[PDB]
Amino acid sequence: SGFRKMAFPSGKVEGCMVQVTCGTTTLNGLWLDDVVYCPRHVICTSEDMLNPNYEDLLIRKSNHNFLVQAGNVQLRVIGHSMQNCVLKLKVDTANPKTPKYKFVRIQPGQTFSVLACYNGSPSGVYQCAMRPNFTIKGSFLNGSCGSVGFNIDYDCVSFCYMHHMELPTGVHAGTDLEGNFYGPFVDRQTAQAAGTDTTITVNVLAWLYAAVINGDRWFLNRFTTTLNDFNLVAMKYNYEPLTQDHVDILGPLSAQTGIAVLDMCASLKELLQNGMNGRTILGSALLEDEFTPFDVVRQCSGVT
Amino acid sequence: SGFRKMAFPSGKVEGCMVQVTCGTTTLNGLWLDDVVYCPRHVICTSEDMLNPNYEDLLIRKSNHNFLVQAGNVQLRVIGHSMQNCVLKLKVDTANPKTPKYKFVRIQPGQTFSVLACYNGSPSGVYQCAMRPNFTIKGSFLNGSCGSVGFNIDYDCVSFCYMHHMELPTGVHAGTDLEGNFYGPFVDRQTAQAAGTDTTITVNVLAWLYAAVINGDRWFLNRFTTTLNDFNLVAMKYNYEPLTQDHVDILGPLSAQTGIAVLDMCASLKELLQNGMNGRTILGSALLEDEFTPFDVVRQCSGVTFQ
Ligand SMILES: *C(=N)[C@H](C[C@@H]1CCCNC1=O)NC(=O)[C@H](CC1CC1)NC(=O)c1cc2cccc(Cl)c2[nH]1
Ligand SMILES: *C(=N)[C@H](C[C@@H]1CCCNC1=O)NC(=O)[C@H](CC1CC1)NC(=O)c1cc2cccc(Cl)c2[nH]1
């Protein structure tokens, strides 16, 4: 038993992390086959960061303006192109530790593992959710950029995230591995607001199922509700609307516990309306929205 | 910015995890050089587990009663000894991925990373504190035993933990890598009490400093206190007594923030006595005691591993 924020094992991803320097900017790259992927903002001076014409800046740059170190081994940069907000640096060497991999753009509400890196070295691994406003609540310092977010499926790494920036709210923004930002953000040195930070309703419910499987049941009521009655309340508390598809996603958890999604929806409704009175669920005095139904099953059936 | 419960990179440890089977019992072992370390309870049937004579059970076993698989690779067992609550299985092959390693028995209030494994396959990594009552708040299902806890220092792995059991309170118990339990636990199919779960006071304070470095300051007051006045409140809430040594360890976080340890102690005292008024600190509506001062500095300065 027990329920923890669990990251995927980081071994397959550690092997792909390298250092990318350009002038004074150093950050992290992802070395897959003969390509290093890093944030295009590596080519900027502080002057350029304010209103960068990335097209023009990249024209002034040559292969030899990029210093790529993989551990102690310098990689020769033989090519440089720009795909949306990522630089693809062609190197003369295939990463021999390239794991089987995909690039996926994850949907809001989905979680992934972040391997936080400085100077191409892993510091640590933690789990994050792509919030509905397309931000993540991470732990990212200077030089963290190019750190990547990933999921592991069979032997296959799905890279979904590359870190580019911090927002004034202290939350984080980045791209998929094709360089397209999650959400409205631009790679430019400017205070950028995210939307209002709505709560991933289906994740709260999954987590409540995690709670029941681990013996926290005090919030179970004999009440029920309809999807439309639930959504009417939840909207008032900036909860994402719950869809039939979300009910279907929760099915396995619903079956393991014997509680219909709509019975649990009735429980969450009481919790939103009456608060928690300083009781805890799975050790939390707040409602947790960063576990997917998948995260909950992984931990409460034993997938490896 | 941001402060998260962060585990060590698991790459160096992943290569050491294997499957150990004996009769129908399968769990995880740790393969370093030509030795596999697993929980001795791998030799038990359900009929034995309640009052096991491990000495007698192990005598009925031979090298060939142990199946060790590393991924698909069959390891031949050529030796077996019991040290405390671990089996050392001598195998014919040195783990080619053996990282530089130590075995360390960590102190209560110290943290480590747990690589949760089933059938010798790593499922995930999370950070845990050895609590003052020598339990950890983990996530462990059947077959998770032999999962290890570790720290990374430079390129050197310090293995401090091997998972053996759950307690009725829903917390976890295990050994160091020489098979000696943390705390009073025995490897027997029996509901065992941990002590009162005292709070690691030094860690709450470090975490409050982490909060200030990340811009949460609402709990800072004009007040200060003495160690003796603080401990008088702390004791009341089953907080560990704050020692002079703990004040000394908090020095650098105190200096980085410019809040004196006793000013932060004054803040914690107000938080224990008045609660948090339903506000959050680093996204928590409770006080977090599972970050060491060291964890806070590492994460807030951005320290990496070779
Ligand atoms: C990448 N190495 C770096 C990560 C940042 C650094 C600051 C602390 N934490 C992080 O997540 N990204 C970076 O410096 C970016 C580069 C910009 C996108 C082109 N800059 C910012 O994140 C940035 C700029 C501004 C302006 C105003 C307010 C805020 Cl919060 C800003 N963040
Ligand atoms: C190891 N594979 C396994 C891990 C356990 C299994 C149950 C869920 N969580 C875990 O962490 N440990 C295990 O089966 C041990 C084996 C015994 C110690 C030698 N047994 C227990 O954890 C166990 C026995 C009892 C009896 C009463 C109450 C409780 Cl909480 C118990 N836990």
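All Cβ positions, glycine included, derive from the backbone under ideal geometry; neighbour counts span all protein chains shown. Just so you know, all these numbers are worked out from the coordinates, no wet-lab data involved.
Look through B:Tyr161, B:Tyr154 and report the one residue that is within 16 Å of ligand 2 (Cβ to nearest atom) and of a type in the set (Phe, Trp, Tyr).
Going through B:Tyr161, B:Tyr154 in turn, just one is within 16 Å of ligand 2 (Cβ to nearest atom) and of a type in the set (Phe, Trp, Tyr): B:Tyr161.
Would you please name the residue that is nearest to the chain's Cα centre (by Cα), looking only at residues in the stretch B:7-22 that are more than 16 Å from ligand 2 (Cβ to nearest atom) and farther than 16 Å from B:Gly138 by Cβ?
Among those residues, the one meeting the criterion is B:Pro9.
For the stretch A:283-304, what are the residues that are among the aromatic types (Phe, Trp, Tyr) and either buried (at least 18 other Cβ atoms within 10 Å of the Cβ) or within 10 Å of another protein chain (Cβ to nearest Cβ) (or both)?
Hit for the stretch A:283-304 is A:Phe291, nothing else.
Being within 16 Å of ligand 2 (Cβ to nearest atom) and aliphatic (A, V, I, L, M) is the filter here, so list the residues in the stretch A:185-221 that pass it.
A:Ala210, A:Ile213
Being among the hydroxyl-bearing types (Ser, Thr, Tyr) and more than 27 Å from the chain's Cα centre (by Cα) is the filter here, so list the residues in the stretch B:260-288 that pass it.
The one that is among the hydroxyl-bearing types (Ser, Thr, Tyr) and more than 27 Å from the chain's Cα centre (by Cα): B:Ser267.
Every residue in the stretch B:93-122 that is free of Cβ contacts under 8 Å to residues at least 40 places away in the same chain and facing chain A (nearest Cβ under 8 Å), please.
B:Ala116
Given the criterion under 30 Å from B:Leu287 (Cβ atoms), surrounded by fewer than 16 Cβ atoms within 10 Å (Cβ to Cβ), within 14 Å of another protein chain (Cβ to nearest Cβ) and touching a residue at least 60 places away in the same chain (Cβ under 8 Å), identify the matching residue among A:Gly215, A:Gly275.
Among A:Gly215, A:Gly275, only A:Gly215 is under 30 Å from B:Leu287 (Cβ atoms), surrounded by fewer than 16 Cβ atoms within 10 Å (Cβ to Cβ), within 14 Å of another protein chain (Cβ to nearest Cβ) and touching a residue at least 60 places away in the same chain (Cβ under 8 Å).
Looking only at the stretch B:27-39, how many residues end up being surrounded by fewer than 23 Cβ atoms within 10 Å (Cβ to Cβ) and touching a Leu at 6+ places or on another chain (Cβ under 8 Å)?
Qualifying residue count for the region: 1.
What residue, of B:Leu220, B:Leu205, B:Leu286, is assigned to a loop (DSSP other than H, G, I, E, B) and closer than 28 Å to B:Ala173 by Cβ?
Of the residues listed, the single one that is assigned to a loop (DSSP other than H, G, I, E, B) and closer than 28 Å to B:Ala173 by Cβ is B:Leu286.
How many of the residues making up the stretch B:167-188 are assigned to a strand (DSSP E or B), of a type in the set (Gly, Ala, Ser) and touching a residue at least 60 places away in the same chain (Cβ under 8 Å)?
Counting residues in the stretch B:167-188 that are assigned to a strand (DSSP E or B), of a type in the set (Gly, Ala, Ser) and touching a residue at least 60 places away in the same chain (Cβ under 8 Å) gives 0.
(1) in a loop (DSSP other than H, G, I, E, B); (2) of a type outside the set (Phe, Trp, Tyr); (3) within 12 Å of ligand 1 (Cβ to nearest atom): which one isn't true of A:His164, the others all being true?
Of everything listed in (1) in a loop (DSSP other than H, G, I, E, B); (2) of a type outside the set (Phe, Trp, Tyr); (3) within 12 Å of ligand 1 (Cβ to nearest atom), A:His164 misses just condition (1).
Please tell me if A:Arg188 is over 17 Å from the mean Cα position of the chain (by Cα), within 16 Å of ligand 1 (Cβ to nearest atom) and more than 14 Å from chain B (Cβ to nearest Cβ).
The answer is yes for A:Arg188.
How many residues are within 13 Å of ligand 2 (Cβ to nearest atom) and under 21 Å from B:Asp197 (Cβ atoms) when one looks only at the stretch B:164-182?
Of the residues in that region, 13 qualify.
Looking at the stretch B:1-21 only, could you name the residues that are closer than 22 Å to B:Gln74 by Cα and at the interface with chain A (Cβ under 7 Å from one of its Cβ atoms)?
Passing the criteria: B:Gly11, B:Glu14.
Residue-by-condition table, conditions (1) near ligand 1 (Cβ under 9 Å from one of its atoms); (2) touching a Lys or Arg at 6+ places or on another chain (Cβ under 6 Å); (3) within 11 Å of another protein chain (Cβ to nearest Cβ):
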position: A:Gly124; (1), (2), (3): no, no, yes
position: A:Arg131; (1), (2), (3): no, no, no
position: A:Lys137; (1), (2), (3): no, no, yes
position: A:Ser147; (1), (2), (3): yes, no, yes
position: A:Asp153; (1), (2), (3): no, no, no
position: A:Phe159; (1), (2), (3): no, no, no
position: A:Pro168; (1), (2), (3): yes, no, yes
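Sort out for me the strands (runs of 3 or more DSSP E) sitting completely within the stretch A:72-141 that have 1 or more residues that are hydroxyl-bearing (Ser, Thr, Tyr) and within 22 Å of A:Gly11 (Cβ to Cβ).
The strands (runs of 3 or more DSSP E) meeting that bar are A:101-103, A:111-118, A:121-129.
Report yes if A:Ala210 is of a type in the set (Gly, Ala, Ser) and touching a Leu at 6+ places or on another chain (Cβ under 7 Å), otherwise no.
Considered against the rule, which asks whether it is of a type in the set (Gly, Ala, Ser) and touching a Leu at 6+ places or on another chain (Cβ under 7 Å), A:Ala210 comes out as yes.
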